[PDB]
Every structure is written in C-alpha cells, then in structure tokens.
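Okay, so here's just one chain, in structure tokens, the form deposited without guanosine-5'-diphosphate.
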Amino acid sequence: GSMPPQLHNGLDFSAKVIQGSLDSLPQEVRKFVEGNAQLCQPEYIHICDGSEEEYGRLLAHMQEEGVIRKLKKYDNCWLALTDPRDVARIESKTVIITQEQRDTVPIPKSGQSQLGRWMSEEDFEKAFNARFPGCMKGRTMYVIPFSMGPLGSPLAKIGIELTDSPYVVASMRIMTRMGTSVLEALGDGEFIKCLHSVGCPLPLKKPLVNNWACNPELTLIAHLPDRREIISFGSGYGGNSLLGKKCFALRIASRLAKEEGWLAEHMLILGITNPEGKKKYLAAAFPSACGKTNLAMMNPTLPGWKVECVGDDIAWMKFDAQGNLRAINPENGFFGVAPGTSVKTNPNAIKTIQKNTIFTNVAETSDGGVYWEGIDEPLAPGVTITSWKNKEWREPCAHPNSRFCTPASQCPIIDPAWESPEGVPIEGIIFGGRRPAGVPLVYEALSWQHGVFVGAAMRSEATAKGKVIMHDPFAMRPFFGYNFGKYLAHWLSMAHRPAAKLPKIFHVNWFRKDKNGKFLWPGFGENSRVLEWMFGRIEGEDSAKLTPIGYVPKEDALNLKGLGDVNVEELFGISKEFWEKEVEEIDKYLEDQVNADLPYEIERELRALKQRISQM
C-alpha cells in the first residue's frame, strides 16, 4: 500500500520492516499492519513468507533465546515449556462483542448464561486501550498471512494475524496454510483481522517465568464479528493465540456461516471404507475433553475396514447445489492433547509426531525424547526425565493439557481428499459424551429434528472429589459465535433447504459402566464395530429397532465376532427412571439457557421424548 501522509515521521513504518515490504502489501493489509504498528510500537516488522528457511531460522533463534529446546531424538522436533499460569483456554476471559447481548447469547430465564460471554462495545474499547498501546515495544511484530482451508477452495477464508510471538508464528505455520502465496491469492479481497500480543513490552515490568512471556491478569480473548476482528491479549497458549483455530474457525466462522447458509462446527471428519470397497465420510462432535483425535485416526480391528483422517477438530460444511453436505477441514495440522497418547490409544498419532512437530508442556527424556502420563512405554534405565516444570522427575511429568502440534500431511492415514477444494460429502453426523450410566453405546436419531435435539441435549462427565455431568450442546459450549437458540434454528432450517441430503445423526457413549463399575465396552479400535453399524444404517439396512430414545442395533446386528460375550443387555439397557430424570434435566437446561430463543421444534422433540418415556 501507499505511504501514509504525515507532518512528522511517526506514521510510516517502512524503515522497520525486516522481511517483506509494506509497499507490496494490498492496501487494506498495509493499513491493518501499519495502524497496529502505530498502536503497539514494535521495534521491527517481519512479513512472514512461510518458507522452510524462515521457519528453520525462527526456531534456531527461539533456541538461542532459551524459549524452546530441540528434541534431539527426533527429526526437527521442538519443546516449549510455559509459565504455569498460561496453559489452557480461559473461558471467563473469552468474549464476543456485539451491539446487543441477545445476538451473542440467549437471555436466560433464571440463571447466568453458560453459552457465551458478552462484552459491550464500550467496555471493550476501554479494555483494548488499557492493554494494547505500546504493548510490542522492543519486539518484532510478525505478520502472518494465512488461509483456513485449502488455498483457493470455495470454502476457504483468509486471515492476517499480527503477533509478537515467534512461537505463535511457528505453530501457525503448522496449523494453517501460511505465507506469500496467501497474500498473492488474497489481493484486494477481505480478510479476518487477527491481532495478538503476549502483553509484555520491553523493558519487562514483571518477572519472566520459564522464558514464557505472558500477562495472565490482563488476558482477554475478544471477537468482534461485525468488524471481522479477533483481538487477543496476554496469552501464548494455542487456543488463545493461534487465532485461526477456535477464534476464527469456530467463533467468527459460526456467525458467518449462519448468515451465509453453511455450518462451522467442532467436529472431526473421517473417511471409512468397508470390505465391499464402498467409502463414506462421517463427522463427529464430542466435548473437548473427549477423544476426537483418537476416533479420527482410529486403527480399526475389523478386517477389511479402513479409516482415514480428514481432520480432528473443526469442520466447515455447506450443502451444495446437488444437496450433498460438503465438508472441509479448515486446518493444516493437529494440535492434539499429548497425555494419554500411546501406541495402544493412537498408534497413528505416535507415528505422526516424530517429525517436524512442536510439543508444549510435555516432559523431556535425557536422550531428547518426550514423555507424558499414559504414554504406556518404558524407559531404559539411564534415561531420565525432566518434567514440564523444568525439574528432575521420578505430580504429573507433563501438564494435563500439554500438546503436540503436528503437520496433517504427516499422518500416515491422512485421507487422499483431506485437501480437496470441493470438500468431502458427509453422510453421518455423530454426537457423543462420556456417560457412566443410562446412555447406550450407540443410538440413531428418529429424524433430523430429533437429531438436532440430540446435539442440544449433549451432556458429559467432567474430568475430576465427586463427579459432575455438564451440558455441552453440539460440543460447542465454549465456541458459539452467536445466540445458541438461533444456531438451533439455523440447523433446523436445513430440513427446508432445497435438495438437501440430510445426513443420519447418531449418538455414541464409550463410557458406560455396569452395576459394579465394569466398562461395558472395550473401546479403541473396537469402536470400528459401531462405525460398521452406522455405515449399514446409512445404506438403508434394516438393522435397527425402535426404543424411546431412538433406534439401536436390533438383535445380532452389532458385529461382536472376536469379542466373546458382551453384556449388550446392560450396554443397551434403557431405564425409565434414568430417562425420566434425564428429560427433566434437559428441560430445565433448555428452558433456562435458551429461553425465548428455543425453537418450537426442539421443544416438540423434548415433549415427544417425554411422551415415549412415559409409555415405558
């Protein structure tokens, strides 16, 4: 873009650019970069090109400043350890700004909304002014041009993230498509404006802990959908700082999707091929605490079946002119929870993460390897462990929210269409939650409307003493870009869309325990048997029986060959007393939390379920 006019010498930042050119940027890109540079006062501006050279040098530099360590056991893998105050998304400091609160969250009947956090426009200007002026003093402002989705896909959308964190740059290179080709594709078009800062201008006013710059007290993750802006301050943690992911691809994206006729959801996408050489794509939404990544990369136990991964976290879906629900994975990598990852739980992840992968808050072995709880692999004596707190270890060795951040292209079961610009046709949508009692292994919704209800009704046992069953509709509770009632209405409207081929909707539960606490289902790759049943159902097979909660596998329909005796009686048991309570808790929840914005059809599904249960 062109040089700003000025009476002095404070507005044109061209002389501080150390890679790239303000002149070569599209006009609105320069205005976004230069205006924030005027505000944040970085020492330098680096316009990222996405090259391997850039990446390699940025890593080595972080290595030089003690901010990351090379993991010598592996091929180009790296470890970051954070300030223990900056380890996770902070929901209570995550907000969406709109003129009217009701556009962002429903106004609850009696309680506080659990479905979002609204902040007023005026409150946010004050909060911004108290954080961003001068915040990058002494630092480089990196400019990251990025695409969500395959470059050029009709479903893809472009952002520009400004950040003062090299860690965010490196991770965005993995988790998005980043660099010069994006700028060239963008041209004079529109882009989501993403501004991030760790909130630690130099000279530092407060102690730097573990060489991890952050500002926990002023952490604030804000979304301004009307301005097409995401503005995030004080956290380097991925869900807070990698703005393409939750901020853009769920919060901003879900609101855009509502307005444009598509869906942005917290779903994995997998492709499954059966022994008859037929392949289907499925999407699944489980709470953050559950195992999307494991299901998306499942190694099936059933012979002749194959599972391939399109994505493990976020799906962008649009019914096309032909009525097919086409989906893309808008991301470029996997930002997976490391603990619990083993050759038994996810052998394909184990394979993926030994090259070109950045790990955060895991333990390090003395031979330059990684360790965490649940890795389920012994260490040779001699090999010692440094914890994620940078101390010798024999409390966990890795933070429970520690991560790997790995390229999608490296997954040995990555689907051949995982980057196809047209997306993949979704034929089933799976909801699920961790339920120790009452809820069967699998059931199928009676209708589209019943299925949307099933999404809305999702509950799951929270990670621990005492247990709590929390609501998490569509697995979107932390992620709604707008009023949940209106999101319900948007999903319900798909039934009325000309030509739409509405996928079958299922609900799963791998967690049911019997009368004495015994797991009723062995899980892992045996979950391929559930996927088999769903596959058949989608093909029209007569393999279901009706129950009050929906369809379940009829007698002998579920493939149990090789498993022995399975207590299907208890696993598929439906208790009237459990379901009476369940429907009441769902009622109370929807009435309070959705209130005047609850669609008629969802109230009707509630009444119908109540009625079916009453007739048991």
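Counting begins at 1, following the sequence as shown.
Note that the form solved in complex with guanosine-5'-diphosphate isn't included here; everything after this is about it.
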Practice problem: Could you superimpose the pocket C-alphas so that guanosine-5'-diphosphate sits on this ligand-free chain as it does in the deposited bound form, and then tell me whether the site is open or blocked by the 2.4 Å backbone/C-beta test with a threshold of 3 atoms? | Solution: blocked
Practice problem: Using heavy atoms and a 4.5 Å cut-off, decide whether 147, 420 and 425 all contact guanosine-5'-diphosphate in the deposited bound form. | Solution: no
Quiz item: guanosine-5'-diphosphate isn't shown here, but in the deposited bound form which of 154, 523, 216, 323 has a heavy atom within 4.5 Å of it?
Solution: 523
Quiz item: Heavy atom within 4.5 Å of guanosine-5'-diphosphate in the deposited bound form: which of 171, 140, 386, 288?
Solution: 288
Quiz item: Is residue 361 one of the residues lying within 4.5 Å of guanosine-5'-diphosphate in the deposited bound form, judged by heavy atom distances?
Solution: no
Quiz item: Is there a non-hydrogen atom of residue 74 within 4.5 angstroms of a non-hydrogen atom of guanosine-5'-diphosphate in the deposited bound form?
Solution: no
Self-check item: Partner contact for residue 504 in the deposited bound form: guanosine-5'-diphosphate, 4.5 angstroms, heavy atom
Solution: no
Quiz prompt | Partner proximity in the deposited bound form: residue 292 to guanosine-5'-diphosphate, non-hydrogen atom cutoff 4.5 Å | solution = yes
Quiz item: Which of 105-113, 504-512, 185-193, 128-136 has heavy atoms within 4.5 Å of guanosine-5'-diphosphate in the deposited bound form?
Solution: 504-512
Self-check item: in the deposited bound form, residues of 413-442 near guanosine-5'-diphosphate [heavy atom within 4.5 Å]
Solution: 434
